[PDB]
Amino acid sequence: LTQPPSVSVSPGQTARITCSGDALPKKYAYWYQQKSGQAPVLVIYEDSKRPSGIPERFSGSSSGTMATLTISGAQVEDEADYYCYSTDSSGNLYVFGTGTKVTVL
Amino acid sequence: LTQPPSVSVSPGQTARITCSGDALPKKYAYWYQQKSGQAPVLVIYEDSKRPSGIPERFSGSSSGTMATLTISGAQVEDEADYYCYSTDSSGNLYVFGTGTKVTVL
Amino acid sequence: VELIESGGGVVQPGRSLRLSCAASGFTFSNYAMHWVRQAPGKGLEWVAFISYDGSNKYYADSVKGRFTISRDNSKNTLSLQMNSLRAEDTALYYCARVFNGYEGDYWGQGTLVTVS
Amino acid sequence: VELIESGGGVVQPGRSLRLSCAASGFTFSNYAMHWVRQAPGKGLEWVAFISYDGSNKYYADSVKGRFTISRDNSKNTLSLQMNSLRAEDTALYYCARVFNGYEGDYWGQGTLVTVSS
Amino acid sequence: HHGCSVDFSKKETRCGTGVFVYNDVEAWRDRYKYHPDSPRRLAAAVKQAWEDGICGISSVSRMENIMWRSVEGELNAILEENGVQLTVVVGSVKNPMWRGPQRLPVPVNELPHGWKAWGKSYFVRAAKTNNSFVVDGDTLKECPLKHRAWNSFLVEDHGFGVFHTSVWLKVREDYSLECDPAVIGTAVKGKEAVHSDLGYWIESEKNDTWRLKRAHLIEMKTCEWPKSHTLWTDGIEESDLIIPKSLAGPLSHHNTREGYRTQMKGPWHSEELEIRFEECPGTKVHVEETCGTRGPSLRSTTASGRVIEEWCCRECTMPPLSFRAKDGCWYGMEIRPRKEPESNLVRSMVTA
Amino acid sequence: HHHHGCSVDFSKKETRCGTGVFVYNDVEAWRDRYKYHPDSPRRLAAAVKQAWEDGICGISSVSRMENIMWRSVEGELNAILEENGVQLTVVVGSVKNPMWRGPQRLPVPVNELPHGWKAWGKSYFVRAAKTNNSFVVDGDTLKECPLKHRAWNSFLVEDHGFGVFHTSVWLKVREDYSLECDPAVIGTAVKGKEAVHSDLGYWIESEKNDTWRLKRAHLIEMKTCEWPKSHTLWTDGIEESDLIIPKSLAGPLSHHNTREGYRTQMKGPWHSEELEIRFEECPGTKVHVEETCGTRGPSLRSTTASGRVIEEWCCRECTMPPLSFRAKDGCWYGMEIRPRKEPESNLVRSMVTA
């Protein structure tokens, strides 16, 4: 699982975060947000769903071999690191993405 | 089927008529009596049985390949020619004995 | 209970002749009938056999092929067709009903046949 | 919904250390638990996994053999025994409950472990 | 289905739910009102077969014969109403019911005229015609066997049942040599078993191995008993089945008995037959090694009613196999008279 | 002629009567309100003692009926063993599926113990005294009496009568080695386009669509004897690898025991106390047919340990509707059906094989 090193946007714009890897067509992907100096927080699970309590501006989708996280109307409190989380072909060994730094100007 | 050429008996005695041949162990044998000038008359059927109307002095039996007819108390009313009647190995061809002549003195 | 047969006579060798036997007094179609001949002063001799329905016929080896037996259950009659006669066929021919167990055996009176 | 782990500290290379994680607020015998570590200033990294009853155990390749994971369902305790430590193992260690869709994913707080001398 | 039953052997009763198989061969009543596909459809099929060079129909069982006999008049009226010069005449059936190589064709379009049900439509009889369509009778010379249809009807979905009085039938679209499965019922319960249909009732038992016990047949079919309705159908040799396979005998170990082979030449010309293992009245059977080989079956009484008493067999097992028909008691092929010429007896002239 | 019976129709108030062969669905209880009579008090006691002296430590029951019979007879056995002064105790425990085979058989005693009663369920006895030597009938006791030293399949049913108020059963100790289930309680029937193979514990139904196929099954136990071929329909030209219920679990060797697209279920949830095999989707789930789905493995449950359902499954070449098992703890799927995108490491699987 690989992700771009960083993404920089402007307030009111949209941020696209990509996580590409094999065995992704056959497995789910979870997205985690970790603000500076805290424990990570789940924002998207099973590639399209959001848990209760997460702003409705968070959306994600998967297609073929690439899962994407979209930040619609990105604001300033979204400065964070995002990690896609999934498994390997056997479903026995889990793995984290390299992580993406989001800077909102 | 073969029979003795002739048999002579003193009156008051008993005569033995023997019909010897193959296939007798697997087949019945009837005995016929033919006085001069008449059609033959059945005497013993199925080797041991007397038809109704025949003197009790007539008896017969079979043993292996020998069929025997006995006239108990041979008297003059028996001067006749006796033939054994049976069939060959497959019950499709019948055959008569060579016939024997009984003489009382 | 009586059997009457007829058709005998004097014939020349190589010719053909036919004998018939009329029956009455019993169900003719339930019984199998035999033909038996006896040369003058000699022993009895079996000739031919026909089953009750006429399906099976058997002939003695001496007369095999020359003779032919048949019956008519409608007219209570059985017949014997003889072809290619010979000198040794001169005998008195009977029309018997034998091998009947306790049901009684009956004979005809015979029809003398002479071949000259 | 409370995960408290402890047992970290400074250790010389080559020694061995044991970590623990106490759980409360849910039925502990119904969920699988993970161990995740994070180097200072770098990204998250999976370490180990244990089934909901300890029958199945899987370890990351970089730590396979050296480490071992276990749990005690009776007293709601999760433990990780670490052997033959090296300098690459210096990181904050977590005690997670991930992959339970719409049932929540809860993390611990972290116990720093540094390996040097 | 729910029901209750009684067992006079153990003198006990019970109730519950399950699957029940009923003997409707013995005490054969006629409790069913059959009716084929459709009057116009059946008439169209008959007509098309007539123009396809098929002169008649050879019934596969007594059910088909009764069906034709019942629907003859309606079919003739329908055929006449469309101006078709063709009459259907239904004769009697005689065992065995030999196969025919033809099949009735499914009609693309039904006839235009007529009614749409097998109900009496005032029964105005039709008129005799030159052309005739013979259903099995004494008409082999008129319509040879090699020009007749056979086994062309097939019972419909919910067309047979325990609580039913009408059976539905229709013309099939395929070729097969198998007996109709919709009327077959076989069951084994503990140490008793039975294979049966509308005409056969074959019973088996477990003494020390499974074996035939008795059979009751009111017809002699020639279809093939389907394997899906047979018990223990593997590792069986066709030379050991008592009821020949060519006479719709089931291919199973329940259709066997020790010491007997297939009865290819039994008295299969009888109208009704009952197979049982018991000596014929007034006779006695022995086992000896000096007896004749197998041959056509023989009747225990002569044409005049005289009884032959002594019989024998080579390797058969007592009690002997015997057939109980209307005209007398016959013996199996392995049992021959002892000390008695066979030219005096009556034998079976038919073979399977 | 011995068996006469009537069939009722509650819908139309109609009755059809006649004679024939009747097969009843006896697997609901098959155990309640029964009066078992094994061989004989003295005979059974002598057999048990001779088995104990021969190195046999326990018994592995072949079905629930045998376990119930042992539980009902243990008191009189203990009393009679006490009377003859034999230091032996019979202990009966619970039964756990599946019921594995044992390689031993109970012996046939030449002579019975010369003390005691002549019947069962009587004598108003007094309870015996527990000893240190225990003859253990199956329980959680595979440490003192290993499976290698247990008897198995030693009885033959002689009579299964239905009395007015209580129903008797007559047993007997067999004399020969065998692996086949008791044929005295098996009933098989086919009538038209429906069939059934059944006995005291199984009720297996099959139907004809375009081929004869399995329809549903109802098992209250998992025995491991072999189904007799003499009580089986269409036994020829069938190979072991296509039977749904495995041959090792007393599955009929029949074409009626098949379904298109499925092979033998060697690793189903055979540890359950009671199952119902049926072809229908587990509630709340959906199954697709895709060529990219994973290969077959052990059976999986529809809900995780916490209790949430997995709603995406695939199979490689199976046919709809899917094969599923219905137990008390939930719904399982056949070996051919695996989750579409959910890692199997977070699911409940079966740890049993046949």
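Only this structure's heavy atoms are used, side chains among them; waters, hydrogens and symmetry mates stay out. Each chain gets a letter, A, B and so on, in the order its sequence line appears, and its residues count up from 1.
- Crowding of B/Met66 atom CE: a count of heavy atoms from other residues, nucleotides or ligands under 6.0 Å exceeding 12.
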*Between B/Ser90 and E/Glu342, does a side chain to side chain contact (heavy atoms under 4.5 Å, CB included) hold up when you go through it step by step?*
CA-CA 8 Å; B/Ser90 73; E/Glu342 288 178 22; over 6 Å; no
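- Atoms NZ and CZ, from B/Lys26 and E/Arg336 in turn, are 11.0 Å apart once rounded to the nearest 0.5 Å.
- The neighbour count for E/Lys191 NZ, taken as heavy atoms of other residues, nucleotides or ligands under 6.0 Å away, does not exceed 12.
- For B/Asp22, the CG atom counts as loosely surrounded, since its 6.0 Å shell holds 12 or fewer non-hydrogen atoms of other residues, nucleotides or ligands.
- Looking only at distances, a side-chain donor or acceptor of E/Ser343 sits under 3.5 Å from a matching main-chain atom of B/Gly91.
- Scanning both residues, E/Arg306 and B/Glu46, for their nearest heavy atoms gives NH1-OE2, 3.9 Å.
- Looking at E/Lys339 and B/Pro25, their side chains never come closer than 4.5 Å, going by heavy atoms from C-beta outward.
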